[PDB]
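Right, one structure below, let's go through it.
In the authors' numbering, the protein residues as written are 23 to 247.
Shown next, in the form of structure tokens:
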């Protein structure tokens, strides 16, 4: 069953912070045995969303999931810190031709400010969220979405099994960072993915197996693998 976001009080005005209502929708849908959360059109402001087992988030064409420029509205240090993250979940997905917008400069400036005041300790990289981060997940389906201007890395896959990434577009925006970080995965099939950046988009710990990259390219048309 598909669930429209408006039914959970999620607002597409680009100014209402929807984190808690999106999370409750994800939690409710998982409790019902699974289904899809549909973002149909407009701008949806959010902090970190925890994806749950048997839930797929769809950001349809014309819809944008936009990061709030606030360090404390993200997951933070330790494990997966992203706009959409999942920790030890199964049968999860992200789809739709919409956009996930990281607002990297404004998000990183928020992190920088709290570090300079000494309210948090470390480097900007310790707190800046990825757009997507999956850790210890099984049967992950990522497709069609445009991942734009990530505050850190666009996608992180750590200790995952049976991951598919299809027709995804990564737009660097203001980011000079890697597009994808992969470590300890088993079975990752990436097909028809575009990286709008010039350098190597992939960061690998070299601890993954059964990795298949088909037609994954940079603007010059050079293979990404």
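Where a beta carbon is used, it is the ideal one built from N, C-alpha and C, also for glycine.
Straight-line CA distance for residue i to residue j?
| i | j | result |
| --- | --- | --- |
| residue 159 | residue 71 | 15 Å |
| residue 38 | residue 79 | 19 Å |
| residue 124 | residue 96 | 11 Å |
| residue 221 | residue 193 | 13 Å |
| residue 248 | residue 191 | As shown, the chain starts at 23 and ends at 247. That puts residue 248 outside it, with no answer to give. |
| residue 219 | residue 197 | 9 Å |
| residue 48 | residue 59 | 7 Å |
| residue 46 | residue 52 | 10 Å |
| residue 33 | residue 237 | 37 Å |
| residue 31 | residue 106 | 19 Å |
| residue 36 | residue 65 | 4 Å |
Just to confirm before moving on: does the CB-CB distance between residue i and residue j stay below 7 Å?
| i | j | result |
| --- | --- | --- |
| residue 56 | residue 76 | yes |
| residue 73 | residue 88 | no |
| residue 174 | residue 151 | yes |
| residue 154 | residue 134 | no |
| residue 205 | residue 180 | yes |
| residue 93 | residue 25 | no |
| residue 164 | residue 116 | yes |
| residue 223 | residue 201 | yes |
Assuming residue i is part of the alpha helix (DSSP H), what are its boundary residues?
| i | result |
| --- | --- |
| residue 136 | 126 to 138 |
| residue 47 | 41 to 53 |
| residue 149 | 146 to 149 |
If I'm right that residue i touches residue j with Cβ under 8 Å, what's the distance once you round it to whole angstroms?
| i | j | result |
| --- | --- | --- |
| residue 99 | residue 61 | Actually they are not in contact, since the Cβ atoms of residue 99 and residue 61 sit about 28 Å apart, beyond 8 Å. |
| residue 208 | residue 232 | 6 Å |
| residue 251 | residue 91 | No statement about residue 251 is possible, as the shown extent of the chain runs from 23 to 247 and does not include it. |
| residue 187 | residue 114 | Not a contact, Cβ separation roughly 13 Å. |
| residue 121 | residue 170 | 5 Å |
| residue 2 | residue 247 | Look at the range of the chain in this structure, 23 to 247, and you will see that residue 2 is not part of it. |
For residue i, which residues from the same chain have a beta carbon less than 6 Å from its beta carbon, with the 5 sequence-adjacent residues on both sides left out?
| i | result |
| --- | --- |
| residue 138 | none |
| residue 144 | none |
So residue i is in the beta strand (DSSP E); what residue range does that whole segment cover?
| i | result |
| --- | --- |
| residue 179 | 177 to 180 |
| residue 96 | Run containing residue 96: none; DSSP gives neither H nor E here. |
| residue 115 | 112 to 117 |
Suppose the cutoff is 7 Å on Cβ atoms and the five residues either side in sequence are ignored; what does the same chain contact list for residue i look like?
| i | result |
| --- | --- |
| residue 101 | 109 and 157 |
| residue 126 | 171, 172, 173, 195, 196 and 197 |
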